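First, one chain by itself in structure tokens, the form deposited in one PDB entry.
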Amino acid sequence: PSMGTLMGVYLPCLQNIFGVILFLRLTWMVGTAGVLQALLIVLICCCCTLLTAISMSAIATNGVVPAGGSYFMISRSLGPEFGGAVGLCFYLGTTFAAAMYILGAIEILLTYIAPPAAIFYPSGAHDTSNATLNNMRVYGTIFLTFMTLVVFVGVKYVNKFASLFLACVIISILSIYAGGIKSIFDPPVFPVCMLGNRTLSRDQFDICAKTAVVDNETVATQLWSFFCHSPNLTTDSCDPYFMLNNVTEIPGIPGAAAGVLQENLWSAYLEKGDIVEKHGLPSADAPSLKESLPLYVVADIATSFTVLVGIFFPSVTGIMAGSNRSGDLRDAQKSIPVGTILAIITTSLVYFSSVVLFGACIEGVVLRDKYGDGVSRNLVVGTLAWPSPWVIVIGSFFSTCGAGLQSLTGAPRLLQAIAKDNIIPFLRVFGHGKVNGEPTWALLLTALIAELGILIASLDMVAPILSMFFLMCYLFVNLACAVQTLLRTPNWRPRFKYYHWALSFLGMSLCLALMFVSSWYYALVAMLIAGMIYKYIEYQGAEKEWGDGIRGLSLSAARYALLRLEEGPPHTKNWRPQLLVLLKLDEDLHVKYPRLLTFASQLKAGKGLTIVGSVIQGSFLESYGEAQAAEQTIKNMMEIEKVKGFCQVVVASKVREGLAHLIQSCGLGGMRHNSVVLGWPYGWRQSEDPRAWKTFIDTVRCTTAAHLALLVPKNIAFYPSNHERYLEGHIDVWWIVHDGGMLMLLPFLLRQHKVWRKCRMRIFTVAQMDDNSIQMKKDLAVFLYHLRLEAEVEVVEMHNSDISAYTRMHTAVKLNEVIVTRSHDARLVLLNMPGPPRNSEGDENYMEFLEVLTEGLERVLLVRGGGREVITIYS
């Protein structure tokens, strides 16, 4: 591990991000859309790329930066899914970028260097735009096969050629800028011929004039014959437009001044078939024939803001190239982000400055002319260069061929990596390699896809697909980062100093909008294939890890949610009850109190969680069938009571030991239960053995030991069935000094049912004789009215000296008289359960008085909190 930061990540990213659009389709961009819109487009693309770089840096800061490429980092940081989709998108982008590079190199070879090097000439104006496409296809396939053979046998020569090509691009840029600086003092002389208001083409004729002077006489020029098909100057059978307008010679490079910048500062789009047009030149109007149109210059494609953005976008892709040597950096956590960001910044600055230079040095005629038709078949960008345009042409050609080489040697690499990681089946056969490791069948697949792309044979028509794939990958990386940060995933801590999920969300939205505005059907199909591959990967993973069923990807979801649930710290406010239900089974293996199940169902109304549990005496090794039958019958009984939950039965030797074990064993980590529901012991005096009720008390102690809310309804046989409706009544809630957090909440949560909806609460808190409640009543009423739940509230009590719940037998009947006289007709009574016996011997007399505390009442529901259970909403 020994590599610098400039040599490790800066230079490779710089050479990858720079491309051929800068040398072929940037002056056209500035000319056809104006300086302001050009800067706007560059700014938008730079913004999405920079936000994606921020997200990539956040990814690269997390973890330990596993060695090997850039796909491995994303896969390790974002799970097995979100890696296959982005991997395939990147692969398709690389394999189409190779084809685009081949097409650009072929174009440079054909229209600039050696025009005679053509197979099928486009003879005649008829069917002009087919021979060029056929030549493109032929040369593309020949170059593709030759370069596949070149990258087959040897690769290290290509490896050093990479630095060669970077040097070529650098010298090209410096040449351009030196020429731009020289343009201040004295510009090069590259005249352009002008006819009326439109522009001619100088490649065919020689002199830009109507009539010339030869042999001491005035004679019509070659332009006269080529435009009027009449070698006699007296004929008038040609276009009236030529005889109605008059010719000039405009300097192709006027210099770098303010006026030239002001002239072409505004947008001027065009439609296919129109003529690139000057703005400030005088000209009359007249019709024209159809034979003269071939001897003009014409826009080859309809131009628009969206189309221009789509064409320009590939000129900024290549951000993720600064991770191919991730296993070699001396400092992985630091070098990658700063290097990537600096590379993006310097490319953006060069783009801005070059756009301004083109706007302020070349007029709107040359810039709006692809292929340099208006200027002697010459490259427009090379007109500015200092020594000569040929250095620019050679540098562009070498850089384009080299970029094709790296793309074609890089796509099989990640295809083989994805294949060897074994997440998609057929990639397994697509994965085999040579003895050293160089791919041997994936190269054929990428060659076939590159040939398919070349078959289109149009540089402008291929760039949008490249843009779609790269934008789609960027959308997934941004979305993954944003969601992972927001929803608290474990093992995701991007300790980067300038990261925020809002930035990732904003970049996602911005260049999602870019992806859709550019082309909606390509975006739609890309999204469909990405979603399909994501779901297929998820299904394969579920089949592999789990029992290989259609239920696997539900078990996976449950496990993933339960693992997410561990990161958060418990607990905040807004306490809600979660119920554990304890039942007793008759000697005939049948339930005893289904009304308790009905009550538990109507309290939660099908929300939250409920775990019904039971205990069967006996050994486990000889009573498995009994437990298996009891679980099934409890499951059947729960279905008819409209309660949704889970069941559990544990065979044990001691029933109280089984209950104690069930107290904290039910539920998984974080998915626990919050409260316990247990019944009342009926006829304990009838039974002679204390064990009929002592176990009861024991359970309470455990519920106090585990800090769990305890609910013990009494007279469950009188509780209403799930069918009997109620039309009128009053639910009394006798709040006392403590545990008021939920005593005012249970009526609110229970009101949301078809049974008790008609009733109204009658909270009747005690008014101790020590201090009156004139203002306390107002404060409590204000607190109730501030919350959603509100009802009649009063303050009344008979005595305060008696110490019942202060920290004591007469105080039981003393309050019982008031309760019975004031709440005899109430439908239901919420009441605070007292504390457990102080010592072990205090149990008996305990059971002595709680029942006379509820003697005479029909229905009571004793409640104790024994925990923290703070509440904020509603209550």
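Residues that one form lacks are left out of the comparison. So that there is no doubt, residue numbering starts at 1 and follows the sequence shown. Between two forms, the rigid core is defined as the largest C-alpha subset superposing within 1.5 Å.
Just so it is clear, the following notes concern the form solved in complex with a small molecule, a form of the same protein that is not shown.
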Residue stretch of 577-585, 389-397, 183-191, 422-430 approaching the small molecule in the entry with it bound, non-hydrogen atom distance within 4.5 Å: 577-585
Note which of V260, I533, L609, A692 lies within 4.5 Å of the small molecule in the entry with it bound, where distance is taken over heavy atoms; exactly one does. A692
Looking at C647, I537, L750, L659, which is the one with a non-hydrogen atom within 4.5 Å of the small molecule in the entry with it bound? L659
Quick one: is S614 in contact with the small molecule in the entry with it bound, heavy atoms, 4.5 Å cut-off? yes
May I ask you to check whether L678 falls inside a 4.5 Å heavy atom distance of the small molecule in the entry with it bound? yes
Proximity of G683 to the small molecule in the entry with it bound, heavy atoms at 4.5 Å: yes
Would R495 count as touching the small molecule in the entry with it bound under a 4.5 Å heavy atom rule? no
Only one of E438, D698, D802, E263 passes the 2 Å C-alpha shift threshold between this form and the one not shown with the rigid core fixed, namely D802
Aligning on the rigid core, do we see the C-alpha of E657 shift 2 angstroms or more between this form and the one not shown? no
Core aligned, does the CA of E790 move at least 2 Å between this form and the one not shown? yes
Taking the rigid core as fixed, pick out the runs of 3 or more consecutive residues whose CA atoms all shift by at least 2 Å between this form and the one not shown, and give them in sequence order. 548-550, 786-790, 797-807
